[PDB]
Amino acid sequence: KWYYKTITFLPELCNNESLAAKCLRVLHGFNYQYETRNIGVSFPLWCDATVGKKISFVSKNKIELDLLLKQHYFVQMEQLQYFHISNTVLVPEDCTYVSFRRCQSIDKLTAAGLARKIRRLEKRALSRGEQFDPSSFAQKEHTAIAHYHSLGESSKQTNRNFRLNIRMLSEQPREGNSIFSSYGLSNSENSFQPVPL
Amino acid sequence: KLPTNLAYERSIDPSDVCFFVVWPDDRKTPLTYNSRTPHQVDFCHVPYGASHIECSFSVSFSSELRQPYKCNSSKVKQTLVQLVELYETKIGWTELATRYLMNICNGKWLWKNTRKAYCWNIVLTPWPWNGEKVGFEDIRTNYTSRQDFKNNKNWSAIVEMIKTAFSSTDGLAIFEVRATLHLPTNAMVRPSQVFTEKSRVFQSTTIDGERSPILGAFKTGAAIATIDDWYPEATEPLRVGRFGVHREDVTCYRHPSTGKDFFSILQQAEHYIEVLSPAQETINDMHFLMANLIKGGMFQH
RNA sequence: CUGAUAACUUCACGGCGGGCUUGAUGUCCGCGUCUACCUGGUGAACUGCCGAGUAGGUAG
């Protein structure tokens, strides 16, 4: 009894990161005007290398998904036909079943991010005693990172080119009765909520 | 001409470079990097809390340009022996020795690690030597032209002892070189890269047990040899090769259609004995001829 | 429009006995491979917060 809004990502010369973010940035302007928690992630054509075309939009209250769909982006990208509206159909209750969660561990692995980390560990140990050195803090030689399909995003308030990191987990048939958040999640403070794709 | 077997041996001997991280407590550790994964990508940075970064190599100025290594013919023997022996008198080793030394002095061998730096200082250690360590302090704001070097207390002796190292048979001159780079916090360091015939795999070595990058020994031999601006309408100094090859753009100057490559000047060796027995271009191409015999190479067809 | 026209070769079967390739053997002396080599990440994935934490989490 969920819905789905299958999009079509056609014109054969297009980025997969900049358009999956801008169709999510127009979702990011949402939930700051009509503050809901109910719209998911659901990539149908996720693959390993060079993620494909389709994205979807899944909810149980299932009438904000058309309210989200008419928010000065499809009413602004209509004639030069980049995308088109789906048929607003009930999700059949037997399908494939994945989960989308922000990992956020990868963001604190880069060399600037580890210097961002050990700067914070410098000051919050203000309860004295030892006089520690920053010499015994290192990443060693070896971090094996396969694939995570990062999505870049500019900050709302200031000028920061931050980035997201979400991968695939497909099990656990019962968590999360539509308890999503601003970006759509399965990690923070609520559950590890799966997605019916 | 060019009788099928001729070869010289090089006359400048640089070594690898080593990167050490000095702490505020006067402790030095090797600079170690990180690897991320066939497809493998490397990442190197200054560790947080460090004062600056040190570098040390060594170079030698020997005399293997007086006679060839194999010669095959006693008409190209006494001709090329006489050219290097007449260039010693009429021209002198001054214009070459000053150009090789400044690329050692002004940190040219630090390729792209000087961009975004506050201050760097370079200390020589010559041999044989009676005296003091030679210094070049805050090079960006104190030493920028041929004349700032000539105001130094110790420039008359280090332009010397290379001039003797080319003039006297079985000569020698050895320089130890040390540099300190004051780079900002969490600054990126750029070493050499392994070839890997088809990314960014570092050339490493083992210093005190842990791995560390080198920035190459053929890489730092290219930086000292960039003294070539006698190709016609020259705007930028190039590395000394036979056909004046530029690397960034994939063109080359000095092409044999121009008549200014090495093999069309080496054949003209008997022509230049007459004038040296003239300051317009007969000088400005022997600086290219002498810088090829200092380079080395097989000269044969 | 053929040295033309037509055309059933068949039934049965025990190769067997015996057997010493041997004796002997010194592959040695001499030897220079070498000279010369750029792989090219501009700025780029930035700054917090909880937790004792090189574990873990969490923000725009």
# chains A, B, ... in the order shown; residues from 1 in each chain; ligands from 1
>>> residues_around(residues="residue 227 (chain B)", least_positions_apart="2", cutoff="12 Å", atoms="only C-alpha atoms (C1' of nucleotides)", output="ChimeraX atom specification")
/B:95-104,108,222-225,229-231,234,236-241,244,287-288,290-292,295
>>> write_last_selection(atoms="C-alpha atoms", output="PDB file, in the first residue's frame")
ATOM      1  CA  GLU B  95      78.663  30.133 -18.035  1.00  0.00           C
ATOM      2  CA  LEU B  96      77.867  26.446 -17.511  1.00  0.00           C
ATOM      3  CA  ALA B  97      78.939  26.097 -13.865  1.00  0.00           C
ATOM      4  CA  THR B  98      76.799  29.037 -12.740  1.00  0.00           C
ATOM      5  CA  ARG B  99      73.668  27.667 -14.435  1.00  0.00           C
ATOM      6  CA  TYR B 100      73.984  24.156 -12.959  1.00  0.00           C
ATOM      7  CA  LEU B 101      74.644  25.548  -9.487  1.00  0.00           C
ATOM      8  CA  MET B 102      71.651  27.915  -9.304  1.00  0.00           C
ATOM      9  CA  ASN B 103      69.174  25.097  -9.978  1.00  0.00           C
ATOM     10  CA  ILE B 104      70.753  23.364  -6.984  1.00  0.00           C
ATOM     11  CA  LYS B 108      64.420  23.937  -8.536  1.00  0.00           C
ATOM     12  CA  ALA B 222      66.271  16.386 -14.883  1.00  0.00           C
ATOM     13  CA  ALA B 223      65.804  19.453 -12.664  1.00  0.00           C
ATOM     14  CA  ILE B 224      69.500  20.350 -12.528  1.00  0.00           C
ATOM     15  CA  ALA B 225      69.937  19.907 -16.292  1.00  0.00           C
ATOM     16  CA  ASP B 229      67.412  28.453 -23.754  1.00  0.00           C
ATOM     17  CA  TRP B 230      69.478  28.613 -26.942  1.00  0.00           C
ATOM     18  CA  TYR B 231      66.817  27.103 -29.173  1.00  0.00           C
ATOM     19  CA  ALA B 234      63.541  30.785 -26.502  1.00  0.00           C
ATOM     20  CA  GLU B 236      61.626  29.059 -21.155  1.00  0.00           C
ATOM     21  CA  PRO B 237      64.606  26.885 -20.152  1.00  0.00           C
ATOM     22  CA  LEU B 238      64.353  23.294 -21.371  1.00  0.00           C
ATOM     23  CA  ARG B 239      66.063  20.059 -20.393  1.00  0.00           C
ATOM     24  CA  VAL B 240      69.163  19.180 -22.403  1.00  0.00           C
ATOM     25  CA  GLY B 241      68.362  16.524 -24.999  1.00  0.00           C
ATOM     26  CA  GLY B 244      65.064  19.784 -27.553  1.00  0.00           C
ATOM     27  CA  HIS B 287      76.865  25.712 -24.826  1.00  0.00           C
ATOM     28  CA  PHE B 288      74.498  23.132 -26.293  1.00  0.00           C
ATOM     29  CA  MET B 290      79.143  21.010 -24.123  1.00  0.00           C
ATOM     30  CA  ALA B 291      75.907  20.281 -22.254  1.00  0.00           C
ATOM     31  CA  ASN B 292      75.452  17.121 -24.333  1.00  0.00           C
ATOM     32  CA  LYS B 295      74.944  14.511 -20.309  1.00  0.00           C
TER      33      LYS B 295
END
>>> residues_around(residues="residue 153 (chain A)", least_positions_apart="5", cutoff="12 Å", atoms="only C-alpha atoms (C1' of nucleotides)", output="JSON, numbers by chain")
{"A": [17, 18, 19, 20, 21, 22, 23, 24, 25, 26, 28, 158, 159, 160, 161, 162, 163, 164, 165, 183], "C": [45, 46, 60]}
>>> interface_residues(of="chain A", to="chain C", cutoff="9 Å", atoms="only C-alpha atoms (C1' of nucleotides)", output="PyMOL selection string")
chain A and resi 107+110+112+116+125+136-139+152+154-163+188-189
>>> write_last_selection(atoms="N, CA, C and O atoms", output="PDB file, in the first residue's frame")
ATOM      1  N   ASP A 107      33.501   9.687   5.149  1.00  0.00           N
ATOM      2  CA  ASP A 107      33.779  11.119   5.225  1.00  0.00           C
ATOM      3  C   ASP A 107      34.880  11.449   6.230  1.00  0.00           C
ATOM      4  O   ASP A 107      35.599  12.435   6.045  1.00  0.00           O
ATOM      5  N   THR A 110      39.403  10.583   4.914  1.00  0.00           N
ATOM      6  CA  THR A 110      40.302  11.417   4.128  1.00  0.00           C
ATOM      7  C   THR A 110      41.233  12.192   5.068  1.00  0.00           C
ATOM      8  O   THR A 110      40.904  12.438   6.231  1.00  0.00           O
ATOM      9  N   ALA A 112      42.349  15.206   5.329  1.00  0.00           N
ATOM     10  CA  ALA A 112      41.817  16.417   5.945  1.00  0.00           C
ATOM     11  C   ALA A 112      40.798  16.081   7.028  1.00  0.00           C
ATOM     12  O   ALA A 112      40.673  16.808   8.019  1.00  0.00           O
ATOM     13  N   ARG A 116      40.773  16.843  10.927  1.00  0.00           N
ATOM     14  CA  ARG A 116      39.572  17.419  11.519  1.00  0.00           C
ATOM     15  C   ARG A 116      39.194  16.673  12.795  1.00  0.00           C
ATOM     16  O   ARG A 116      38.583  17.244  13.707  1.00  0.00           O
ATOM     17  N   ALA A 125      39.859  16.662  25.888  1.00  0.00           N
ATOM     18  CA  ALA A 125      40.533  15.965  26.981  1.00  0.00           C
ATOM     19  C   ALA A 125      41.122  16.958  27.965  1.00  0.00           C
ATOM     20  O   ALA A 125      42.225  16.766  28.484  1.00  0.00           O
ATOM     21  N   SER A 136      51.188   9.770  18.131  1.00  0.00           N
ATOM     22  CA  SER A 136      50.528   8.465  18.159  1.00  0.00           C
ATOM     23  C   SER A 136      49.102   8.531  17.616  1.00  0.00           C
ATOM     24  O   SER A 136      48.158   8.059  18.246  1.00  0.00           O
ATOM     25  N   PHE A 137      48.940   9.117  16.433  1.00  0.00           N
ATOM     26  CA  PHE A 137      47.649   9.152  15.750  1.00  0.00           C
ATOM     27  C   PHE A 137      47.941   9.054  14.261  1.00  0.00           C
ATOM     28  O   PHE A 137      48.493   9.991  13.677  1.00  0.00           O
ATOM     29  N   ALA A 138      47.588   7.926  13.650  1.00  0.00           N
ATOM     30  CA  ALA A 138      47.887   7.718  12.242  1.00  0.00           C
ATOM     31  C   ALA A 138      46.882   6.764  11.618  1.00  0.00           C
ATOM     32  O   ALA A 138      46.285   5.925  12.296  1.00  0.00           O
ATOM     33  N   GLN A 139      46.681   6.934  10.316  1.00  0.00           N
ATOM     34  CA  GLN A 139      46.090   5.911   9.467  1.00  0.00           C
ATOM     35  C   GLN A 139      47.235   5.158   8.801  1.00  0.00           C
ATOM     36  O   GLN A 139      48.219   5.773   8.375  1.00  0.00           O
ATOM     37  N   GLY A 152      27.307  14.536  -4.228  1.00  0.00           N
ATOM     38  CA  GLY A 152      27.716  15.845  -3.761  1.00  0.00           C
ATOM     39  C   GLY A 152      26.543  16.791  -3.587  1.00  0.00           C
ATOM     40  O   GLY A 152      25.536  16.711  -4.285  1.00  0.00           O
ATOM     41  N   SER A 154      25.687  21.045  -2.161  1.00  0.00           N
ATOM     42  CA  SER A 154      26.038  22.332  -1.579  1.00  0.00           C
ATOM     43  C   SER A 154      25.186  22.590  -0.344  1.00  0.00           C
ATOM     44  O   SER A 154      24.021  22.189  -0.284  1.00  0.00           O
ATOM     45  N   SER A 155      25.777  23.264   0.637  1.00  0.00           N
ATOM     46  CA  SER A 155      25.073  23.550   1.877  1.00  0.00           C
ATOM     47  C   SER A 155      24.019  24.632   1.675  1.00  0.00           C
ATOM     48  O   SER A 155      24.157  25.522   0.831  1.00  0.00           O
ATOM     49  N   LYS A 156      22.945  24.530   2.462  1.00  0.00           N
ATOM     50  CA  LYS A 156      21.891  25.538   2.426  1.00  0.00           C
ATOM     51  C   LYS A 156      22.371  26.857   3.017  1.00  0.00           C
ATOM     52  O   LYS A 156      22.242  27.916   2.392  1.00  0.00           O
ATOM     53  N   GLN A 157      22.940  26.806   4.222  1.00  0.00           N
ATOM     54  CA  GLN A 157      23.252  28.025   4.959  1.00  0.00           C
ATOM     55  C   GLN A 157      24.518  28.694   4.435  1.00  0.00           C
ATOM     56  O   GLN A 157      24.541  29.911   4.221  1.00  0.00           O
ATOM     57  N   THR A 158      25.581  27.921   4.232  1.00  0.00           N
ATOM     58  CA  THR A 158      26.852  28.496   3.808  1.00  0.00           C
ATOM     59  C   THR A 158      27.416  27.816   2.567  1.00  0.00           C
ATOM     60  O   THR A 158      26.737  27.011   1.923  1.00  0.00           O
ATOM     61  N   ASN A 159      28.658  28.152   2.218  1.00  0.00           N
ATOM     62  CA  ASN A 159      29.278  27.699   0.973  1.00  0.00           C
ATOM     63  C   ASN A 159      30.209  26.528   1.269  1.00  0.00           C
ATOM     64  O   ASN A 159      31.425  26.675   1.388  1.00  0.00           O
ATOM     65  N   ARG A 160      29.619  25.340   1.384  1.00  0.00           N
ATOM     66  CA  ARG A 160      30.375  24.118   1.621  1.00  0.00           C
ATOM     67  C   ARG A 160      29.947  23.068   0.611  1.00  0.00           C
ATOM     68  O   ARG A 160      28.751  22.844   0.411  1.00  0.00           O
ATOM     69  N   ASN A 161      30.924  22.424  -0.015  1.00  0.00           N
ATOM     70  CA  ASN A 161      30.655  21.352  -0.969  1.00  0.00           C
ATOM     71  C   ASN A 161      30.803  20.005  -0.267  1.00  0.00           C
ATOM     72  O   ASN A 161      31.755  19.254  -0.484  1.00  0.00           O
ATOM     73  N   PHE A 162      29.833  19.703   0.597  1.00  0.00           N
ATOM     74  CA  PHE A 162      29.873  18.467   1.361  1.00  0.00           C
ATOM     75  C   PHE A 162      29.324  17.333   0.495  1.00  0.00           C
ATOM     76  O   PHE A 162      28.951  17.529  -0.664  1.00  0.00           O
ATOM     77  N   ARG A 163      29.263  16.125   1.051  1.00  0.00           N
ATOM     78  CA  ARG A 163      29.014  14.953   0.228  1.00  0.00           C
ATOM     79  C   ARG A 163      28.387  13.861   1.085  1.00  0.00           C
ATOM     80  O   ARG A 163      28.569  13.828   2.306  1.00  0.00           O
ATOM     81  N   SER A 188      19.964   6.920  11.531  1.00  0.00           N
ATOM     82  CA  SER A 188      20.119   7.852  12.643  1.00  0.00           C
ATOM     83  C   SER A 188      18.855   7.948  13.482  1.00  0.00           C
ATOM     84  O   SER A 188      17.796   8.339  12.976  1.00  0.00           O
ATOM     85  N   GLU A 189      18.972   7.548  14.753  1.00  0.00           N
ATOM     86  CA  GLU A 189      18.072   7.888  15.857  1.00  0.00           C
ATOM     87  C   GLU A 189      16.672   7.289  15.765  1.00  0.00           C
ATOM     88  O   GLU A 189      15.879   7.449  16.697  1.00  0.00           O
TER      89      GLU A 189
END
>>> interface_residues(of="chain C", to="chain B", cutoff="12 Å", atoms="only C-alpha atoms (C1' of nucleotides)", output="MDAnalysis selection string")
chainID C and resid 34:43
>>> write_last_selection(atoms="N, CA and C atoms (P, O5', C5', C4', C3', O3' and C1' of nucleotides)", output="PDB file, in the first residue's frame")
ATOM      1  P     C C  34      80.582  -5.479 -17.333  1.00  0.00           P
ATOM      2  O5'   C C  34      80.636  -4.184 -18.250  1.00  0.00           O
ATOM      3  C5'   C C  34      79.810  -3.056 -17.997  1.00  0.00           C
ATOM      4  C4'   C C  34      79.742  -2.181 -19.222  1.00  0.00           C
ATOM      5  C3'   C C  34      78.704  -1.074 -19.246  1.00  0.00           C
ATOM      6  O3'   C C  34      79.100   0.077 -18.525  1.00  0.00           O
ATOM      7  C1'   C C  34      78.770  -2.202 -21.337  1.00  0.00           C
ATOM      8  P     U C  35      78.042   0.852 -17.597  1.00  0.00           P
ATOM      9  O5'   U C  35      77.840   2.252 -18.318  1.00  0.00           O
ATOM     10  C5'   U C  35      78.943   2.997 -18.804  1.00  0.00           C
ATOM     11  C4'   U C  35      78.592   3.736 -20.070  1.00  0.00           C
ATOM     12  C3'   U C  35      77.248   4.437 -20.083  1.00  0.00           C
ATOM     13  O3'   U C  35      77.249   5.674 -19.393  1.00  0.00           O
ATOM     14  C1'   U C  35      77.580   3.270 -22.125  1.00  0.00           C
ATOM     15  P     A C  36      76.237   5.912 -18.169  1.00  0.00           P
ATOM     16  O5'   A C  36      75.081   6.789 -18.802  1.00  0.00           O
ATOM     17  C5'   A C  36      75.376   7.951 -19.555  1.00  0.00           C
ATOM     18  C4'   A C  36      74.187   8.368 -20.375  1.00  0.00           C
ATOM     19  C3'   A C  36      72.863   8.337 -19.647  1.00  0.00           C
ATOM     20  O3'   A C  36      72.669   9.492 -18.864  1.00  0.00           O
ATOM     21  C1'   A C  36      72.630   7.309 -21.763  1.00  0.00           C
ATOM     22  P     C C  37      71.506   9.531 -17.769  1.00  0.00           P
ATOM     23  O5'   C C  37      70.267  10.101 -18.580  1.00  0.00           O
ATOM     24  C5'   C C  37      69.017  10.288 -17.942  1.00  0.00           C
ATOM     25  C4'   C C  37      67.872  10.108 -18.899  1.00  0.00           C
ATOM     26  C3'   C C  37      66.531   9.881 -18.224  1.00  0.00           C
ATOM     27  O3'   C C  37      65.498  10.476 -19.004  1.00  0.00           O
ATOM     28  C1'   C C  37      67.037   8.034 -19.593  1.00  0.00           C
ATOM     29  P     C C  38      64.921  11.925 -18.616  1.00  0.00           P
ATOM     30  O5'   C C  38      63.653  11.606 -17.714  1.00  0.00           O
ATOM     31  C5'   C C  38      63.783  11.363 -16.321  1.00  0.00           C
ATOM     32  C4'   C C  38      62.518  11.694 -15.574  1.00  0.00           C
ATOM     33  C3'   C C  38      61.246  11.006 -16.066  1.00  0.00           C
ATOM     34  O3'   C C  38      60.441  10.643 -14.944  1.00  0.00           O
ATOM     35  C1'   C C  38      60.978  13.367 -16.135  1.00  0.00           C
ATOM     36  P     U C  39      60.671   9.238 -14.195  1.00  0.00           P
ATOM     37  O5'   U C  39      59.414   8.361 -14.616  1.00  0.00           O
ATOM     38  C5'   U C  39      58.133   8.617 -14.063  1.00  0.00           C
ATOM     39  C4'   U C  39      57.304   9.476 -14.984  1.00  0.00           C
ATOM     40  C3'   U C  39      56.229  10.319 -14.324  1.00  0.00           C
ATOM     41  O3'   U C  39      56.763  11.516 -13.791  1.00  0.00           O
ATOM     42  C1'   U C  39      55.370   9.281 -16.281  1.00  0.00           C
ATOM     43  P     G C  40      55.980  12.314 -12.648  1.00  0.00           P
ATOM     44  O5'   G C  40      55.119  13.389 -13.442  1.00  0.00           O
ATOM     45  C5'   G C  40      53.936  13.928 -12.874  1.00  0.00           C
ATOM     46  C4'   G C  40      53.206  14.818 -13.845  1.00  0.00           C
ATOM     47  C3'   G C  40      51.687  14.787 -13.764  1.00  0.00           C
ATOM     48  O3'   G C  40      51.178  15.628 -12.746  1.00  0.00           O
ATOM     49  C1'   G C  40      52.377  14.616 -16.026  1.00  0.00           C
ATOM     50  P     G C  41      50.508  15.008 -11.426  1.00  0.00           P
ATOM     51  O5'   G C  41      49.016  14.662 -11.864  1.00  0.00           O
ATOM     52  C5'   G C  41      48.012  15.666 -11.908  1.00  0.00           C
ATOM     53  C4'   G C  41      46.900  15.374 -10.931  1.00  0.00           C
ATOM     54  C3'   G C  41      46.497  16.530 -10.025  1.00  0.00           C
ATOM     55  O3'   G C  41      45.541  17.370 -10.645  1.00  0.00           O
ATOM     56  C1'   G C  41      46.768  14.542  -8.746  1.00  0.00           C
ATOM     57  P     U C  42      45.613  18.966 -10.496  1.00  0.00           P
ATOM     58  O5'   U C  42      46.206  19.221  -9.036  1.00  0.00           O
ATOM     59  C5'   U C  42      45.771  20.335  -8.254  1.00  0.00           C
ATOM     60  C4'   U C  42      46.731  21.502  -8.323  1.00  0.00           C
ATOM     61  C3'   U C  42      46.150  22.844  -7.889  1.00  0.00           C
ATOM     62  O3'   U C  42      47.181  23.647  -7.316  1.00  0.00           O
ATOM     63  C1'   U C  42      46.779  22.955 -10.172  1.00  0.00           C
ATOM     64  P     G C  43      47.216  23.921  -5.733  1.00  0.00           P
ATOM     65  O5'   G C  43      45.747  23.551  -5.238  1.00  0.00           O
ATOM     66  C5'   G C  43      45.190  24.151  -4.075  1.00  0.00           C
ATOM     67  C4'   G C  43      43.845  24.760  -4.376  1.00  0.00           C
ATOM     68  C3'   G C  43      42.625  23.937  -3.977  1.00  0.00           C
ATOM     69  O3'   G C  43      42.256  24.125  -2.620  1.00  0.00           O
ATOM     70  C1'   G C  43      42.388  24.692  -6.214  1.00  0.00           C
TER      71        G C  43
END
>>> closest_residue(among="B:186, B:54, B:36, B:109", to="residue 144 (chain A)", atoms="only C-alpha atoms")
B:36
